[PDB]
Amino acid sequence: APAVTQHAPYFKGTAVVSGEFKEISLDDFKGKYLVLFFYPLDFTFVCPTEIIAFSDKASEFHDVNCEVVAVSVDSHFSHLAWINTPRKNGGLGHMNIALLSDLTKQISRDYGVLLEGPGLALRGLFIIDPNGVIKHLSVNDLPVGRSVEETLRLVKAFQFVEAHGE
């Protein structure tokens, strides 16, 4: 497993970034906070409100030296097609955050959020600091969505403690 106070497991994969395919990795985020979250599958009948809320609020994360990356076991071609589906047809539309592909499933496995039975991720969220250390993790059962505002709050509070103690 990953665990709070421990260096985050290394990851590398193909992501959709600003409608391009780009390889990314844990090392790209050196010196920045990272919010890494998992979701089960592209294109489902579940409302993409969590992914869309992170995309809508990305600028709030960017202004506190924090990046946001979404991950699922779908291919990077699925992610791009999801992105190019209009919001009114189940789609994501424009994304302000990277959608990373975990086609081999190793990333979800390394992050301890893979359901091996069905072969998809639980809804896991990780806040990783500028040194690759995991500060916060949470995991929800497949159906339930979580608060963007609360994640932002946490990221800020980690920063506050860095700079001013407890």
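The first residue of the sequence shown is number 1, and the count goes up from there.
- Look at the C-alpha B-factors of 8 to 16 and of 140 to 148. On average they run higher in 140 to 148.
- Two stretches are in play, 85 to 93 and 72 to 80, and the higher mean C-alpha B-factor belongs to 85 to 93.
- In the deposited coordinates, the residue among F37, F29, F45, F61 with the greatest CA B-factor is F45.
- For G132, the recorded CA B-factor ranks within the middle third of the chain. Only modelled residues enter the ranking.
- Sort the modelled residues of the chain by CA B factor and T104 lands in the middle third.
- In this PDB entry, the Cα temperature factor of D110 sits in the middle third of its chain's modelled residues.
- Among all modelled residues in its chain, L125 ranks in the lowest third by Cα B-factor.
- Sort the modelled residues of the chain by CA B factor and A53 lands in the middle third.
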